[PDB]
Amino acid sequence: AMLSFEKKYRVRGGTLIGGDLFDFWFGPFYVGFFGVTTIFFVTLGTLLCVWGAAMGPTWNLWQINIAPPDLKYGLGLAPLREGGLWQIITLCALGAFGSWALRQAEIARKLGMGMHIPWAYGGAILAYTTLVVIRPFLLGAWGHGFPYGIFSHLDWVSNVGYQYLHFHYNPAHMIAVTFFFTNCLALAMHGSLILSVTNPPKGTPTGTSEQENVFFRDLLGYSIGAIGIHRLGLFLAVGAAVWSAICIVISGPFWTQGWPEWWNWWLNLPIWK
Amino acid sequence: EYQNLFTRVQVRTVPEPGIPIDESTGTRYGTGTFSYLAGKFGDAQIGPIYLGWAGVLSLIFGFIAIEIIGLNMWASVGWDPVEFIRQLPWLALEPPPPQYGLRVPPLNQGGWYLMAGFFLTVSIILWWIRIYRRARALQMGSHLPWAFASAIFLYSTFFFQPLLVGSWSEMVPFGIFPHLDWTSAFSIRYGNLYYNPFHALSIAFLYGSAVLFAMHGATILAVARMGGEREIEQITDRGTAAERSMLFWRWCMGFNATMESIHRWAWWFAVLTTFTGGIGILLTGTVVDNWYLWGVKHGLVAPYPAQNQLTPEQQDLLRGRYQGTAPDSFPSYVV
Amino acid sequence: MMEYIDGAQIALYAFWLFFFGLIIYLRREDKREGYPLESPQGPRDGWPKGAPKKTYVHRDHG
Amino acid sequence: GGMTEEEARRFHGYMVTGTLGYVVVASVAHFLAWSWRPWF
Amino acid sequence: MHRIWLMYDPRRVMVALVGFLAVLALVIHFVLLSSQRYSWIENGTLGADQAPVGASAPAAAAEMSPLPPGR
Amino acid sequence: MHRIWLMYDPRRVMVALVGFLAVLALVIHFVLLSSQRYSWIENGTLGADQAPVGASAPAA
Amino acid sequence: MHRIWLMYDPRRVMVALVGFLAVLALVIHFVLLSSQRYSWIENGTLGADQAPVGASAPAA
Amino acid sequence: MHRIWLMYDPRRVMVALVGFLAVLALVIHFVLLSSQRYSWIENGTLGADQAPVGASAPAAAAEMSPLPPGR
Amino acid sequence: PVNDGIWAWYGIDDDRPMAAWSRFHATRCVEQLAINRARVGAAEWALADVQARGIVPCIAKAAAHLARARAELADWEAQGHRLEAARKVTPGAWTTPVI
Amino acid sequence: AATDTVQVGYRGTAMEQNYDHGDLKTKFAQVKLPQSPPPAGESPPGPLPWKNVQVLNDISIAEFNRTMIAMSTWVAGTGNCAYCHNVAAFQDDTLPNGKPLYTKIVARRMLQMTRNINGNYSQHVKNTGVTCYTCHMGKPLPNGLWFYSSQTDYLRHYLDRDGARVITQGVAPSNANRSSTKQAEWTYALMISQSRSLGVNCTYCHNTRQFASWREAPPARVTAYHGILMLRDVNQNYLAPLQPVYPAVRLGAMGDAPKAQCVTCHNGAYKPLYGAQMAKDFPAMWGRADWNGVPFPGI
Ligand SMILES: CCCCCCCCCCCCCC(=O)OC[C@H](COP(=O)(O)OCC(O)COP(=O)(O)OC[C@@H](COC(=O)CCCCCCCCCCCCC)OC(=O)CCCCCCCCCCCCC)OC(=O)CCCCCCCCCCCCC
Ligand SMILES: CCCCCCCCCCCCCC(=O)OC[C@H](COP(=O)(O)OCC(O)COP(=O)(O)OC[C@@H](COC(=O)CCCCCCCCCCCCC)OC(=O)CCCCCCCCCCCCC)OC(=O)CCCCCCCCCCCCC
Ligand code: BCL
Ligand SMILES: CC[C@H]1c2cc3[nH]c4c(c3C)C(=O)[C@H](C(=O)OC)c4c3nc(cc4[nH]c(cc(n2)[C@@H]1C)c(C(C)=O)c4C)[C@@H](C)[C@@H]3CCC(=O)OC/C=C(\C)CCC[C@H](C)CCC[C@H](C)CCCC(C)C
Ligand SMILES: *[C@H]1O[C@H](CO)[C@@H](O[C@@H]2O[C@@H](C)[C@H](O)[C@@H](O)[C@H]2O)[C@H](O)[C@@H]1O[C@H]1O[C@H](C(=O)O)[C@@H](O[C@H]2O[C@H](CO)[C@@H](O)[C@H](O)[C@H]2NC(C)=O)[C@H](OC(C)=O)[C@H]1OC(C)=O
Ligand SMILES: *[C@H]1O[C@H](CO)[C@@H](O[C@@H]2O[C@@H](C)[C@H](O)[C@@H](O)[C@H]2O)[C@H](O)[C@@H]1O[C@H]1O[C@H](C(=O)O)[C@@H](O[C@H]2O[C@H](CO)[C@@H](O)[C@H](O)[C@H]2NC(C)=O)[C@H](OC(C)=O)[C@H]1OC(C)=O
Ligand SMILES: CC(C)=CCC/C(C)=C/CC/C(C)=C/CC/C(C)=C/CC/C(C)=C/CC/C(C)=C/CC/C(C)=C/CC/C(C)=C/CC1=C(C)C(=O)c2ccccc2C1=O
Ligand SMILES: COC(C)(C)C/C=C/C(C)=C/C=C/C(C=O)=C/C=C/C(C)=C/C=C/C=C(C)/C=C/C=C(\C)CC/C=C(C)/C=C/C=C(\C)C(=O)O
Ligand SMILES: COC(C)(C)C/C=C/C(C)=C/C=C/C(C)=C/C=C/C(C)=C/C=C\C=C(C)\C=C\C=C(C)\C=C\C=C(C)\C=C\CC(C)(C)OC
Ligand SMILES: CCCCCCCCCCCCO[C@@H]1O[C@H](CO)[C@@H](O[C@H]2O[C@H](CO)[C@@H](O)[C@H](O)[C@H]2O)[C@H](O)[C@H]1O
Ligand SMILES: [Fe+3]
């Protein structure tokens with residue numbers, strides 16, 4: 001089916017690879033060449049996840065756990081029961097996430113939009129690629145990746161944190177947390193302002209950009225404007241993921257002690273050493 | 001291709017807004033001004049603020065709360081102004097000792113803490129009232145004060161959960177690294193907060209808030225050249241920027257919001273972050289005392305092979321004691 | 001006494017019932033524009049059925 | 001804004017003299033500090 | 001040399017200069033105040049021969065074979 | 001050299017001066033109060049011979 | 001060689017040079033102050049024979 | 001070979017060149033200063049035979065390990 | 001500085017008043033003369049339009065803007081004459097005139 | 001800049017130790033190069049001549065002299081018999097001035113302490129064991145000496161305190177466990193100290209998804225617990241009662257004797273001296289009837 005205004009927009013063009021061959025829709029979904037590759041990697045990766053569950057101890061959704069190999073295998077592919085299945089699924093996930101980004105570019109090109117969405121999603125792909133590729137590769141073993149399991153990856157996060165005794169003291173982590181918290185605040189403010197001028201109390205005219213700028217101005221002391229709040233939201237949300245990737249890649253490859261003792265440089269500034 | 005990430009041409013207007021919309025009681029404080037730096041990223045006007053009675057009292061109550069915290073931190077380094085700056089992130093104003101329960105503690109052993117907490121709480125409530133009155137004066141919906149009420153709810157659970165377990169000692173210390181020490185020790189005391197399902201939900205909405213604002217920020221910038229940032233007019237008088245935004249997400253993931261309703265998705269994801277959070281805190285130590293064991297009971301916990309096995313005499317030998325009071329003497333061991 | 005049922009489990013299902021109710025509400029709101037859908041088989045609503053298209057009243061100025 | 005060479009020459013007279021006077025004060029301060037507690 | 005003031009606004013120069021000298025003076029005092037030898041607020045009344053000195057290079061053997069402190 | 005006040009608006013200078021003097025005075029008082037020797041609130045009634053002195057060189 | 005002042009604005013190169021020298025000077029002073037050998041505020045009155053030296057090879 | 005420059009503003013070439021040399025010089029100095037052998041601020045007065053040299057081999061007792069045991 | 005931008009930090013500034021020959025300042029001057037003459041043309045067209053529709057406070061500003069555009073142009077014409085004089089006395093300078 | 005890692009738990013749990021490879025090699029070589037080598041040992045007959053020997057009653061005369069050479073090099077530098085003795089009269093416990101030889105009477109207690117460690121705490125020190133070198137490392141003062149300071153000092157877990165547990169062993173709250181979050185902060189501070197004392201992280205002894213679990217923890221946690229019990233005996237019965245023996249320059253501001261902690265033996269390494277086995281070579285210090293099947297050569 002189509003939105004009442006949609007049909008006019010469904011032209012050919014804007015593809016990156018396939019030309020007209022895959023330039024069609026399936027229900028609501030645009031396909032394209034990277035749609036085909038997406039569904040390939042999604043299906044293969046999903047069915048291998050189901051196989052991992054089948055050969056594991058339970059079907060309980062929360063307890064399924066497909067673990068990476070032991071560190072002794074280094075950068076080789078382990079036996080599939082022993083973590084090689086995790087390594088294949090990781091390749092499928094990279095293939096799927098990459099295909100999804102490039103498919104979004106084909107869609108943006110067909111609509112004459114800017115490329116912002118593909119790149120903003122690249123911030124998440126960067127963070128994933130850091131956790132499963134870049135950081136494991138710098139540590140010299142694929143076994144440093146997180147396990148694929150709804151709670152077992154939380155056991156990994158816990159243990160990686162305490163590998164540095166008190167992970168809250170990681171300075172890039174403090175920045176990343178600040179971005180996540182500031183983003184959620186900014187999202188609530190922006191959502192509230194737009195809804196408050198479009199849904200004023202009954203018997204009140206629809207509001208205006210002037211009213212939301214006046215309200216925003218006496219909240220923060222300055223008016224950010226309509227383009228400004230969207231630039232800020234993009235900056236905060238994507239900046240959180242980028243600082244997240246930094247905070248985890250410095251932990252291990254570049255810093256090995258507890259994080260609290262990193263702050264020794266601040267105590268030793270010569271003005272007060 | 002222009003990315004619309006910063007503004008190469010700003011325009012000034014000599015008269016200005018900042019003189020509010022018709023607002024009645026209270027006073028507009030200061031004269032509007034332009035920052036060229038603010039004008040690069042967003043709108044350039046830095047300008048007048050409204051307080052009214054609730055805003056004035058909120059600042060008075062809040063300033064006292066900030067003074068009490070800072071003066072106690074500064075007293076804790078013996079009034080040394082160098083050590084005050086050098087050690088600032090490790091300093092705290094610390095809650096009362098556990099043995100008092102809910103009784104009033106000595107002034108230097110948590111009495112200042114409860115005072116600062118009281119004036120901060122009153123200041124936060126008066127700020128909520130200030131925002132509520134301002135939204136109505138500008139003839140707006142009440143979405144913003146209810147969004148702020150969700151944050152206040154989570155904050156209040158750092159008072160109610162200590163109340164429910166029966167001791168002010170459990171409250172959060174005022175201090176940069178010290179409140180992170182509390183955050184870690186809370187998860188330790190209650191047996192790993194990852195297995196608290198409302199904590200898991202709160203994270204799902206915190207991450208989802210970043211997902212939505214990244215998607216929505218990027219979407220509007222991607223159609224901003226077609227006027228897509230004029231969101232109110234795209235809601236009342238749908239243009240091609242809205243249509244393209246709907247079609248992008250429809251063609252990408254098979255469903256779409258509207259230019260209005262994406263702001264409801266935004267509002268609920270942010271609000272549910274702190275609302276589910278508060279529920280998880282209130283349940284901790286009152287209903288569940290070990291979240292990992294609650295996870296085992298309800299089947300959350302993935303099995304691993306055993307890393308050690310105890311014999312029955314080790315099971316008796318390796319039980320400890322619960323931690324007690326500190327030794328209040330300096331023993332001589334000489335005989 | 002109930003061994004398995006506990007107050008954290010009860011509260012969690014109360015949230016799930018609310019949350020699915022919320023998703024339904026949000027999906028009705030998502031359908032105020034562009035619906036009903038055009039198709040070869042005639043108009044289509046999906047599910048849930050969308051809320052009606054909303055009219056906005058502008059102000060008379062001053 | 002203007003700034004003529006006579007204004008610059010008048011300003012230079014004050015700026016040099018003030019600079020040198022400050023260095024003279026600082027020289028006495030170092031003379032006092034050294035006689036109290038030499039650093040070499 | 002006076003033509004340097006044709007080149008720069010003297011109102012900008014003097015403000016930058018006074019800000020530079022203030023910060024430099026503060027830094028040097030606080031560097032000294034945190035040292036042992038020039039902790040002058042605690043130890044300023046000591047004579048120069050009594051003031052602390054940072055320790056030498058070791059006794060030339062740089063090696064240990066001690067005798068106890070007297071009981 | 002009162003013409004200094006023609007190149008600099010004294011309205012700006014006097015605010016900058018008073019702000020500087022206020023902060024510097026407080027810093028000096030708290031540095032002294034924090035020291036052993038000049039902790040005058042606790043020890044101001046001690047005589048000059050009784051007041052603390054920081055440690056000497058070890059041979060002294 | 002003076003023709004470079006037609007290629008470059010003297011007013012702007014002078015500011016850049018003063019800034020560069022200040023940074024480089026402060027860096028070198030603090031590098032030395034943090035060392036053992038040249039911690040001159042604590043140990044400046046030691047003779048050159050008495051000043052610390054970084055450890056040699058054991059020659060074995 | 002001078003025709004290489006026809007493509008470029010010579011002022012910008014010089015600013016590009018000076019920036020390259022400044023970075024390269026500081027990198028090489030900080031690498032050397034972080035070494036043992038060329039940590040010249042502490043050990044510059046050592047004679048060439050006295051200066052550190054990297055180990056031609058490590059050594060151990062057979063029961064010692066630098067790393068803890070584990071799979 | 002709008003024209004040299006970041007390069008003003010490194011002391012490239014081809015706008016500053018120049019009386020010796022300099023091919024860089026002459027290049028900047030030739031570019032800015034064309035832009036400012038177009039800008040004067042647009043300013044006096046805008047005055048003619050707003051005079052025709054008669055709005056008094058807008059006519060005032062349009063005339064004030066035009067005067068500023070003429071003044072900013074006159075500065076570049078002065079720069080052009082300095083460089084053109086220096087061109088004639090300096091070997092290896094341009095053969096095409098400035099201004 | 002390469003990082004060495006050791007896996008200490010199951011796949012994917014991130015129970016791993018990380019070491020900066022350069023930093024670790026310098027630490028390890030800094031142990032190897034000074035590591036003091038032992039004398040060879042020999043087996044005579046004959047009855048013991050000693051006038052004032054009260055601990056080393058049970059070893060041959062050659063083994064006794066061999067032990068004294070070891071004690072000199074491990075505590076005082078080699079051949080420095082003057083550190084403990086009036087060298088004209090080794091049996092003396094006093095100087096010619098009559099003033100007591102405090103080091104000798106301490107060293108006699110340190111022999112009993114070492115035998116008590118190697119004998120009664122084999123669940124901790126196993127067949128590595130300790131010698132004087134473990135703490136002293138060639139110097140009169142070991143590392144990690146501590147004194148009374150404040151009531152809430154966590155190092156008193158190694159002396160006169162006992163409980164550190166804070167986690168509930170059940171789902172619901174109970175009167176069994178009323179631990180404060182402040183007490184969990186205190187245990188956390190204590191546990192950072194133990195982690196630094198060994199140069200390890202929390203995952204060396206815990207699966208941090210449940211700190212209270214012994215089944216999910218590596219076996220090192222059980223060894224670590226026996227280390228706490230050992231230190232309490234070492235501090236309460238041997239080190240702390242030496243208060244009237246030391247010169248006041250050794251005592252703390254409360255006048256208390258210096259006490260030991262994990263870092264005193266471990267010195268930031270997962271085993272003391274990276275596991276160098278020396279106690280086997282010195283039967284005078286076994287306190288044990290056989291060392292790893294090698295029988296004690298008693299008289
Ligand atoms: C804890 C915090 C959470 C935080 C995260 C929370 C996420 C919340 C957002 C995601 C959920 C909304 C998704 C959505 O609305 O998609 C549009 C789709 C259909 O759109 P339509 O406009 O109403 O109808 C179109 C149709 O009339 C004409 O289309 P066409 O003829 O071209 O094609 C045919 C349709 C046939 O429909 C389907 O095939 C449905 C596919 C599955 C629908 C969702 C099931 C539940 C989630 C997935 C479970 C299976 C997942 C493996 O084809 C399509 O329309 C395909 C386009 C829709 C694709 C949606 C994919 C969503 C994936 C969500 C993944 C969630 C992961 C957790 O809607 C539906 O089918 C009904 C959805 C009803 C709301 C979901 C909540 C229900 C709560 C329970 C209430 C009681 C039972 C209903
Ligand atoms: C647990 C809850 C959440 C997971 C749930 C997963 C399963 C969900 C299944 C239902 C999803 C329906 C999605 C949808 O299209 O919605 C719009 C559609 C009508 O809207 P419309 O605008 O008028 O038309 C739109 C069009 O898409 C509808 O399809 P259409 O009518 O054009 O074409 C045909 C049908 C196929 O139907 C048949 O062939 C039926 C023929 C029966 C005749 C009798 C034969 C004789 C023997 C009968 C024996 C019969 C007895 C043996 O459309 C479809 O193809 C729908 C495909 C949906 C595929 C969903 C796939 C799920 C996605 C994930 C898959 C992988 C992972 C699992 O339907 C409705 O409005 C009715 C309400 C549907 C949602 C509420 C009911 C929810 C049921 C579950 C209740 C329990 C909730 C917890
Ligand atoms: C070892 C540490 C523990 C842990 C312990 C805790 C604890 C304890 C808590 C959280 C909480 C949260 N944690 Mg957790 N958390 C851990 C691991 C994680 C990880 C991760 C990747 O590992 C993530 C992403 C999170 C994420 C989150 C959030 C979803 C949630 C806070 C929501 C929020 O908006 O708070 C930020 C918002 C607020 C605090 C609201 C503040 C609003 C008030 C009104 C603001 C007042 C400002 C005032 C006016 C100015 C004051 C000035 C000063 C006085 C000077 N946790 C592990 C398991 N986490 C909270 C929660 O909800 O738990 C269920 C919580 O209490
Ligand atoms: C939906 C969940 C998210 C959320 C939302 C949210 N927060 C909000 C809001 C919303 C929707 C607001 O509208 C409200 C606000 O005002 O935003 C600008 C607020 C707010 N969120 C805040 C913080 C905050 N939010 C956080 C988090 C969150 N906020 C969540 C992520 C966090 C975190 C992560 O820790 C923090 C720290 C504040 C900035 C603000 C509420 C401000 C407030 O209540 O202030 C009270 C006043 C004081 C503390 C005193 C200040 C003292 C002055 C410095 C003294 C100056 C002198 C004075 C003039 C003297 C008096 C003289 C008189 C005569 C005048
Ligand atoms: C000083 O006293 C405190 C308070 O008793 C001791 O700390 C106790 O032990 C810790 C496990 C715990 O953390 C702390 O809460 C507290 O319970 C501290 O160790 C010092 O102990 C010595 O003094 C004790 C004292 O209470 O005065 C003394 O205790 C015994 O003697 C008193 C009478 O003097 C008697 O009331 C007690 O019942 C008695 N208790 C015991 C267990 O014997 C200690 O004596 C002994 C043998 O423990 C003192 O300890 C030592 C080594 O001198
Ligand atoms: C240090 O003092 C102890 C005191 O116990 C001396 O130990 C003696 O020899 C041991 C083998 C024996 O087990 C022990 O009971 C004791 O007899 C040790 O030899 C050191 O001696 C010097 O200081 C002695 C002291 O006590 O001050 C001193 O002995 C004094 O007392 C005895 C009587 O008990 C008397 O015979 C001495 O004349 C007297 N001398 C003085 C100077 O006060 C030793 O004196 C003598 C002669 O041995 C001291 O040793 C020397 C070489 O002078
Ligand atoms: C695998 C398989 C066998 C498939 C079979 C089907 C076949 C054959 C398909 C072929 C075609 C292809 C390639 C289909 C893709 C199939 C796949 C993989 C689908 C999965 C889709 C997917 C990622 C679903 C997840 C949905 C979730 C949970 C998203 C999280 C974010 C979220 C909660 C969004 C809700 C709010 C919305 C709708 C935001 C978008 C949105 C934003 C952000 C605006 O700013 C905006 C501005 C103005 C107007 C509208 C909008 C708007 O709609
Ligand atoms: C310890 O470790 C670390 C810290 C690292 C070690 C340190 C290392 C380093 C790198 C130190 C560097 C030091 C330095 C480097 O240059 C220091 C340089 C200092 C300098 C140059 C000081 C100059 C001072 C000049 C002054 C005060 C001028 C006063 C002018 C007056 C009073 C005139 C008033 C009248 C006017 C204006 C005219 C009005 C107009 C009139 C009347 C009219 O118009 O009529
Ligand atoms: C002279 O002025 C100076 C220079 C001192 C000013 C400078 C001040 C400075 C430098 C201040 C620095 C402040 C900092 C760094 C603060 C850091 C604060 C942080 C990070 C706080 C984090 C969390 C705190 C929480 C969650 C606290 C919550 C407290 C609550 C909810 C308390 C509630 C208390 C109540 C309701 C009390 C009621 C009173 C009764 C009597 C009922 O008792 C229960
Ligand atoms: C910064 C801390 C204080 C340091 C001490 C500052 C004072 C130092 C000695 C000042 C001695 C007098 O210094 C002298 O003052 C006269 C004005 O009287 C200045 O005179 C200047 O202004 C006058 C007009 O007012 C001009 O005519 C003259 O050509 C010009 O040089 C001189 O340039 C300066 O050399
Ligand atoms: Fe928006």
# chains A, B, ... in the order shown; residues from 1 in each chain; ligands from 1
$ residues_around --residues "segment 245-255 of chain J" --least-positions-apart "5" --cutoff "12 Å" --atoms "only C-alpha atoms" --output "PyMOL selection string"
(chain B and resi 329-334) or (chain E and resi 68-71) or (chain J and resi 99-109+140-141+145-150+238-240)
$ residues_around --residues "segment 18-21 of chain G" --least-positions-apart "6" --cutoff "12 Å" --atoms "only C-alpha atoms" --output "PDB file with N, CA, C and O atoms, in the first residue's frame"
ATOM      1  N   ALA E  16      45.755  43.192  27.628  1.00  0.00           N
ATOM      2  CA  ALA E  16      46.423  41.903  27.468  1.00  0.00           C
ATOM      3  C   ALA E  16      47.668  41.801  28.342  1.00  0.00           C
ATOM      4  O   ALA E  16      47.930  40.753  28.944  1.00  0.00           O
ATOM      5  N   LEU E  17      48.447  42.879  28.418  1.00  0.00           N
ATOM      6  CA  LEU E  17      49.656  42.893  29.237  1.00  0.00           C
ATOM      7  C   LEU E  17      49.352  42.705  30.721  1.00  0.00           C
ATOM      8  O   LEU E  17      49.965  41.864  31.388  1.00  0.00           O
ATOM      9  N   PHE E  20      48.295  39.227  31.423  1.00  0.00           N
ATOM     10  CA  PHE E  20      49.437  38.318  31.375  1.00  0.00           C
ATOM     11  C   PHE E  20      50.279  38.387  32.645  1.00  0.00           C
ATOM     12  O   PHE E  20      50.658  37.353  33.207  1.00  0.00           O
TER      13      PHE E  20
ATOM     14  N   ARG G  11      51.523  42.929  11.577  1.00  0.00           N
ATOM     15  CA  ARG G  11      50.659  43.005  12.750  1.00  0.00           C
ATOM     16  C   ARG G  11      50.231  41.626  13.237  1.00  0.00           C
ATOM     17  O   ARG G  11      50.094  41.400  14.445  1.00  0.00           O
ATOM     18  N   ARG G  12      50.016  40.695  12.317  1.00  0.00           N
ATOM     19  CA  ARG G  12      49.517  39.370  12.655  1.00  0.00           C
ATOM     20  C   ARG G  12      50.627  38.357  12.912  1.00  0.00           C
ATOM     21  O   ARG G  12      50.458  37.464  13.749  1.00  0.00           O
ATOM     22  N   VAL G  27      56.506  25.568  28.407  1.00  0.00           N
ATOM     23  CA  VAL G  27      56.663  24.120  28.279  1.00  0.00           C
ATOM     24  C   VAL G  27      58.032  23.670  28.780  1.00  0.00           C
ATOM     25  O   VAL G  27      58.136  22.755  29.602  1.00  0.00           O
ATOM     26  N   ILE G  28      59.101  24.313  28.305  1.00  0.00           N
ATOM     27  CA  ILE G  28      60.446  23.888  28.688  1.00  0.00           C
ATOM     28  C   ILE G  28      60.700  24.097  30.180  1.00  0.00           C
ATOM     29  O   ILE G  28      61.296  23.236  30.838  1.00  0.00           O
TER      30      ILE G  28
ATOM     31  N   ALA H  22      57.665  21.787  12.481  1.00  0.00           N
ATOM     32  CA  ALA H  22      57.431  21.950  13.914  1.00  0.00           C
ATOM     33  C   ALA H  22      56.864  20.684  14.551  1.00  0.00           C
ATOM     34  O   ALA H  22      57.320  20.259  15.619  1.00  0.00           O
TER      35      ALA H  22
ATOM     36  N   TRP I   9      45.066  34.310  10.745  1.00  0.00           N
ATOM     37  CA  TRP I   9      45.837  33.895  11.917  1.00  0.00           C
ATOM     38  C   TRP I   9      47.321  33.762  11.602  1.00  0.00           C
ATOM     39  O   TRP I   9      48.166  34.022  12.467  1.00  0.00           O
ATOM     40  N   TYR I  10      47.658  33.363  10.379  1.00  0.00           N
ATOM     41  CA  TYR I  10      49.036  33.229   9.927  1.00  0.00           C
ATOM     42  C   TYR I  10      49.544  34.475   9.218  1.00  0.00           C
ATOM     43  O   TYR I  10      50.613  34.437   8.602  1.00  0.00           O
TER      44      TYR I  10
END
$ residues_near_ligand --ligand "ligand 6" --cutoff "12 Å" --atoms "only C-alpha atoms and all ligand atoms" --output "short mmCIF file (atom, residue, chain, number, x, y, z; two decimals) with N, CA and C atoms, in the first residue's frame"
data_model
loop_
_atom_site.label_atom_id
_atom_site.label_comp_id
_atom_site.auth_asym_id
_atom_site.auth_seq_id
_atom_site.Cartn_x
_atom_site.Cartn_y
_atom_site.Cartn_z
N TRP J 50 75.29 -24.47 70.84
CA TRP J 50 74.77 -23.11 70.99
C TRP J 50 74.42 -22.76 72.44
N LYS J 51 74.73 -21.52 72.81
CA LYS J 51 74.51 -21.00 74.16
C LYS J 51 73.15 -20.34 74.36
N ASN J 52 72.55 -19.79 73.31
CA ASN J 52 71.33 -18.99 73.45
C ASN J 52 70.53 -19.08 72.15
N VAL J 53 70.30 -20.30 71.68
CA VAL J 53 69.48 -20.59 70.51
C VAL J 53 68.19 -21.25 70.98
N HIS J 85 74.13 -8.70 65.68
CA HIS J 85 74.93 -9.26 66.75
C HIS J 85 75.93 -8.27 67.33
N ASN J 86 76.27 -8.50 68.60
CA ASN J 86 77.57 -8.14 69.16
C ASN J 86 78.54 -9.20 68.66
N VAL J 87 79.25 -8.90 67.57
CA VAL J 87 79.93 -9.94 66.80
C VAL J 87 81.02 -10.64 67.60
N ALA J 88 81.52 -10.02 68.67
CA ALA J 88 82.42 -10.72 69.58
C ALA J 88 81.71 -11.83 70.36
N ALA J 89 80.38 -11.72 70.56
CA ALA J 89 79.63 -12.69 71.37
C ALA J 89 78.24 -12.89 70.77
N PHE J 90 78.17 -13.75 69.74
CA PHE J 90 76.91 -13.98 69.02
C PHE J 90 75.77 -14.38 69.94
N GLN J 91 76.06 -15.09 71.03
CA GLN J 91 75.01 -15.48 71.97
C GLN J 91 74.38 -14.29 72.71
N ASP J 92 75.08 -13.16 72.81
CA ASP J 92 74.51 -12.00 73.48
C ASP J 92 73.22 -11.52 72.82
N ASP J 93 72.27 -11.10 73.66
CA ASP J 93 71.11 -10.33 73.25
C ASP J 93 71.23 -8.86 73.65
N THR J 94 72.39 -8.43 74.13
CA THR J 94 72.65 -7.05 74.49
C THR J 94 74.00 -6.60 73.97
N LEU J 95 74.13 -5.28 73.78
CA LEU J 95 75.41 -4.66 73.49
C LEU J 95 76.34 -4.78 74.70
N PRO J 96 77.64 -4.53 74.51
CA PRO J 96 78.53 -4.36 75.68
C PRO J 96 78.04 -3.31 76.67
N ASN J 97 77.40 -2.24 76.18
CA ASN J 97 76.75 -1.24 77.02
C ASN J 97 75.56 -1.77 77.82
N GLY J 98 75.20 -3.04 77.65
CA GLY J 98 74.04 -3.59 78.32
C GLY J 98 72.71 -3.27 77.66
N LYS J 99 72.68 -2.25 76.81
CA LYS J 99 71.49 -1.90 76.05
C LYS J 99 71.13 -3.03 75.09
N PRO J 100 69.85 -3.41 74.99
CA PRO J 100 69.50 -4.62 74.23
C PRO J 100 69.67 -4.47 72.73
N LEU J 101 70.05 -5.58 72.10
CA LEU J 101 70.15 -5.71 70.64
C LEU J 101 68.75 -5.96 70.07
N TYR J 102 68.01 -4.86 69.88
CA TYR J 102 66.59 -4.97 69.54
C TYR J 102 66.38 -5.76 68.25
#
$ residues_around --residues "residue 66 of chain E" --least-positions-apart "3" --cutoff "8 Å" --atoms "only C-alpha atoms" --output "list in words"
residues 76, 77 and 83 of chain J
